[PDB]
Amino acid sequence: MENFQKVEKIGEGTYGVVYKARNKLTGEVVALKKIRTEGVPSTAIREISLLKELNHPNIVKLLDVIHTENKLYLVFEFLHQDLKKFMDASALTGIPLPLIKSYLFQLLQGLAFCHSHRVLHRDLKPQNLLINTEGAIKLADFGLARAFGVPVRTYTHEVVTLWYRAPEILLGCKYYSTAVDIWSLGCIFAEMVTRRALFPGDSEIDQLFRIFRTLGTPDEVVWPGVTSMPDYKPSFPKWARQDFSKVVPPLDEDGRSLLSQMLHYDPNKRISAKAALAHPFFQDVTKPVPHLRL
Ligand SMILES: CC(C)(C)[C@@H]1CCc2[nH]nc(C(=O)NN)c2C1
C-alpha cells in the first residue's frame with residue numbers, strides 16, 4: 001500500500017503475497033496480506049470484516065480489512081516467527097515436550113474460542129501458526145478460507161499443502177465442521193513431536209492413502225456414512241490400522257491417547273477443542289519460553 005513501507009516479503013500465502021510493513025503513520029509494524037479480479041465479491045468481504053471482532057490472545061489480531069482498487073488488504077499484527085520456521089530451526093534437537101504441550105494447549109484454547117463463535121479455520125498449518133518470544137502461539141488467517149473457497153494453487157502458482165487436511169474434506173464432504181481444525185492440529189502436534197510431517201501427501205489421493213495406510217482404511221464400522229461420501233470409492237485399498245505406538249514415539253500415553261482422539265475418522269467421534277483442554281495430557285502444562293532466533 002501507499003501508507004506503508006515494505007520491509008520484507010514475509011512470504012506468499014495462498015491468497016496473495018504477504019509483506020512485513022511499517023505504518024508510516026503510527027510507526028507500528030504489521031504483516032500485510034495483499035489479495036488477488038472483476039469487482040470482488042462483497043459476501044467474502046463482510047465475512048472477513050467480521051473476523052476483526054474475533055479477538056483472543058491465541059488468535060493473531062486482524063487489524064483491518066481494506067478493499068480498494070480491486071485489491072483486498074488484510075492488516076495483521078506482526079509476530080516474529082511462524083511455527084514452520086521454528087520447527088525447522090529445532091529440527092536437530094526437537095522442540096522440548098513442555099513447549100510442544102504449551103503450544104498445543106494454547107492452540108486448543110484459540111480453537112475453543114473460534115469454534116464457540118462458530119468460526120472455523122479450515123486451513124491450519126505450521127505456516128499459519130505464529131509464535132512470539134513470550135511463549136505464546138497464535139492462529140492466523142482464521143475464517144479466511146471460508147468466504148473464498150480454497151484455491152487449487154496460490155498467488156505465485158505454488159502449491160497448496162494437503163498434509164493437514166481432514167479426511168472428510170478429502171472425501172468430498174460438502175459441509176465442514178469444527179472437527180476439521182482439530183484434525184489439522186492433531187497432525188501438527190504429531191509433527192512437532194516426531195519432527196516429520198505425519199501425512200505428507202503430494203496429491204489428494206496420496207494424502208488420503210497416506211492417512212489410510214497409517215490409521216487404516218475407514219469403513220462403516222469406524223466411520224458411519226463414509227461409504228456414501230462423494231469421493232469415496234469401494235475400490236480404495238484396504239489397509240489395516242497401524243499400531244499407534246509406532247506413530248508418535250516416544251510421546252507418552254496421555255499424549256498418544258489425546259492424539260488418537262484428535263485423529264478419529266468420524267468427525268463426530270473426533271474430540272472437541274474444549275474437551276481436549278480437559279484431557280489428562282494437560283494436567284502438568286506450563287508455559288515455557290522458546291529460544292528464538294529473530
Ligand atoms: C498470512 C500469514 C502469512 C499466515 C501471517 C499473517 C499475520 C502475521 N503476523 N506475523 C506474521 C509473520 O510471518 N511474522 N514473521 C504473519 C504472517
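Kindly flag which residue pairs out of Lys34/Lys125; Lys138/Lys269; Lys101/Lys246; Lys24/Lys138 have an alpha-carbon separation exceeding 22 Å in this structure.
Values: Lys34/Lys125 20 Å; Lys138/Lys269 26 Å; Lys101/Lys246 20 Å; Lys24/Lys138 26 Å.
From the list (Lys34/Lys125; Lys138/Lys269; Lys101/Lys246; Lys24/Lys138), the Cα-Cα distance tops 22 Å for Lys138/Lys269; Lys24/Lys138.
Using the number of other C-beta atoms within 10 angstrom as an exposure proxy, rank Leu83, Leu111 with the fewest first. Before the final figure, lay out the partial values.
Numbers: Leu83 24, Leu111 29.
Exposure proxy ranking, most exposed first: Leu83, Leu111.
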Name the trypsin sites (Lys or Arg not before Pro) in segment 63-140 that are in a loop by DSSP and that have at most 14 other C-beta atoms within 10 Å, would you?
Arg118
Taking a crude spin-label model, label points 7 Å out from Cα along the C-beta direction, the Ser49 to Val222 distance in nm is 4.5
Neighbourhood charge, 11 Å Cβ-Cβ cut-off, centred on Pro200 and excluding it, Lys, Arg +1 and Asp, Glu -1:
-1
Going from the fewest other Cβ atoms within 10 Å to the most, one would list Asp243, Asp181, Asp141 as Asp243, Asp141, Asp181
By average Cβ neighbour count within 10 Å, what is the ranking of 232-240, 28-36 from highest down?
28-36, 232-240
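Please give the calculated 222 nm ellipticity per residue for the chain, where each DSSP H segment of at least 4 residues contributes -39500 (n - 2.57) and the sum is spread over every residue; nearest 500 deg cm²/dmol? Intermediate values should be presented prior to the final figure.
Details: 8 runs with 84 residues, N = 294.
Helix contribution divided over all residues of the chain: -8500 deg cm²/dmol.
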Just want the answer: with Cβ charges of +1 for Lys and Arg and -1 for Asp and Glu, which residue in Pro230, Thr26, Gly143 is farthest toward the dipole's positive end in the chain?
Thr26
Taking the square root of 5 times each eigenvalue of the Cα gyration tensor, what semi-axes in Å does the equivalent ellipsoid of segment 81-291 have, largest first?
26, 20, 17
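Remind me, what semi-axes does segment 1-80 give for its equivalent ellipsoid, largest first in whole Å, using sqrt of 5 times each Cα gyration tensor eigenvalue?
They are 19, 16, 12 Å, listed from largest to smallest.
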Quickly work out the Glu253-to-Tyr175 label distance, labels modelled 7 Å from Cα along the C-beta direction, and quote it in nm with one decimal.
3.8
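Can you work out the FRET efficiency for the pair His157 and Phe244, with r the C-beta to C-beta distance and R0 = 45 Å, to the nearest 0.05? Before the final figure, lay out each step's value.
On the way: r = 38 Å, r/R0 = 0.85.
About 0.75, to the nearest 0.05.
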Sparse-neighbourhood loop sites, GluC sites (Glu not before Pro) in segment 152-204 - DSSP loop, at most 14 other Cβ within 10 angstrom:
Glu158
Could you pull out the trypsin sites (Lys or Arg not before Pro) across segment 161-195 that fall in loop regions by DSSP (anything but H, G, I, E, B) with no more than 15 other Cβ atoms inside 10 Å?
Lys174, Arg195
Report the antiparallel proportion of the DSSP beta bridges in the chain as a percent, rounded to a multiple of 5.
95
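In this analysis, Cβ positions are derived from the backbone assuming ideal geometry, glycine residues included, and neighbour counts consider all displayed protein chains. Readers should treat all values here as calculations from the given coordinates under stated rules, not as data from a laboratory.
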